[PDB]
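Notes to accompany the following structure.
Nothing fancy with the numbering, it's 1 onward along the sequence.
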Amino acid sequence: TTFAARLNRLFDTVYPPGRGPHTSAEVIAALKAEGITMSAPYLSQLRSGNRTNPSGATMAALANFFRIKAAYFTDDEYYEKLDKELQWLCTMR
């Protein structure tokens, strides 16, 4: 599974219940609030598969926002199990 599919997966499964999925803009704003700069065009490139191979710092920033380890992006075994746990927590929320 590519980075973009995994990131889109997080957008679809980790969000405030009785709100809905975060917008890309909300993520950029949340990152900005923590001293982290990410352009709107770059986030769209990452989500659309136009830019692959994000840096460690980027994956970490996105992982922190979604409250997950970045190993979600880089470890197949881990991704598959955690995605399932997140899905379940999503219904629980």
Contacts of type side chain to side chain donor-acceptor pair (under 3.5 Å), residue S44, not counting sequence neighbours: none
Those residues that, when tested against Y78, pass ring pair (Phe, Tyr, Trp, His ring centres under 6.0 Å) (two or more places apart): none
Value rounded to 0.5 Å, distance of CH2 in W88 from OG1 in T91: 5.0 Å
Partners passing salt bridge (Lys or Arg N to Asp or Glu O under 4.0 Å) against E26 (at least two apart in sequence or in another chain): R19
Atom pair CZ (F66) and CG (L7), whose distance is rounded to the nearest 0.5 Å: 6.0 Å
Residue list, side chain to side chain contact (heavy atoms under 4.5 Å, CB included) with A5, at least two apart or on another chain: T1, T2
Listed once per pair and sorted, the ring pair (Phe, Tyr, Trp, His ring centres under 6.0 Å) pairs that draw on residues 18-37, sequence neighbours left out: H22-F65
Residues forming a side chain to side chain donor-acceptor pair (under 3.5 Å) with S48, sequence neighbours excluded: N50
All side chain to side chain contact (heavy atoms under 4.5 Å, CB included) counterparts of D76, not counting sequence neighbours: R6, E80
Hey, can you pull the donor-acceptor pairs under 3.5 Å for the side chains in residues 8-17, sequence neighbours left out?
unit_1 : atom_1 : unit_2 : atom_2 : d
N8     : OD1    : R47    : NE     : 2.9
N8     : OD1    : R47    : NH2    : 3.3
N8     : ND2    : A4     : O      : 3.2
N8     : ND2    : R47    : O      : 3.0
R9     : NE     : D83    : OD1    : 3.0
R9     : NE     : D83    : OD2    : 3.4
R9     : NH2    : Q87    : OE1    : 2.9
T13    : OG1    : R9     : O      : 2.9

Atom pair CG (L31) and CG (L62), whose distance is rounded to the nearest 0.5 Å: 6.0 Å
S55: side chain to side chain donor-acceptor pair (under 3.5 Å) partners, not counting sequence neighbours: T58
Results of salt bridge (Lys or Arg N to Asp or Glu O under 4.0 Å) for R67 - residues two or more places apart only: none
Identify all side-chain donor-acceptor contacts of residues 32-39 below 3.5 Å with residues at least two apart in sequence or on another chain.
unit_1 : atom_1 : unit_2 : atom_2 : d
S39    : OG     : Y42    : N      : 3.0

Derivation of the side-chain contact (heavy atoms from CB on, under 4.5 Å) call for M59 and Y72: CA-CA 9 Å; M59 293 195 172; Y72 175 92; over 6 Å; no
